[PDB]
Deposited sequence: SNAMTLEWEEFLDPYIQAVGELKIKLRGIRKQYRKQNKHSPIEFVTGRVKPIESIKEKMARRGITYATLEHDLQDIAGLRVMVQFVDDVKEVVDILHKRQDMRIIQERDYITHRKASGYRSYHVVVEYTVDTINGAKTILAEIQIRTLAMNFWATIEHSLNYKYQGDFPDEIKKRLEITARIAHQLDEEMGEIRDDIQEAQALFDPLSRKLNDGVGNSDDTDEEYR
């Protein structure tokens, strides 16, 4: 409706601004000839339907951003950059990378207050920035679509999704190790 359109305006504006802003971190690393910790960024406003069920703001993810990085070690590099930012205040961090969810989902969550300027004045909202690897984004994107297309998965499907997440993670670890073993195979001998 129009009432929901009005309530979500500031979250829609914030996702827009934060996408541009987080994408510009990457451009800043490349322009100064350095590895960008950030590969790409996406975001959306929670669809009306998903919001409605989940309430008894402290609904943290109405505005959601997804920051993809190549390696697990890049995650902390991005969290530090977010700490140095003057346009947001970090309210909450959750390390679901070191400690995964039961489904297999892995991600680092940073919840921020973000203020948006409107013609009706400043509006401060919460936004959730999810940092994850390419491998975790591969898994989460597919898991998310299969879910949205289903409804709750049979147990056997849920297990198979868990297994593919487990292997996607071993892949991140191994790619982390290849990167290390390259630079080590130059740095120490």
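Gaps without C-alpha coordinates occur at 1-4, 61-70, 166, 205-226, with positions taken along the deposited sequence from 1.
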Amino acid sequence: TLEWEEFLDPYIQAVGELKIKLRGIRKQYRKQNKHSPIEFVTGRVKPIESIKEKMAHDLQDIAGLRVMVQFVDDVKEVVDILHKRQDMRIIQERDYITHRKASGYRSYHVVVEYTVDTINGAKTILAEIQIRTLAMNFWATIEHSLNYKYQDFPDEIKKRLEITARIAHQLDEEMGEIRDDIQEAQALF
From here on, numbers count along this sequence of modelled residues.
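The PDB entry records a higher mean C-alpha B factor for 28-36 than for its counterpart among 121-129 and 28-36. When the modelled residues of the chain are ordered by their C-alpha B factor, residue 137 lands in the middle third. Sort the chain's modelled residues by C-alpha temperature factor and residue 145 lands in the middle third, per the entry.
Ranked against the other modelled residues of its chain, the C-alpha B-factor of residue 164 as given in the entry falls in the lowest third. In the PDB entry, residue 52 places in the highest third of its chain by CA B-factor. Sorting the modelled residues of the chain by their CA temperature factor places residue 158 in the lowest third.
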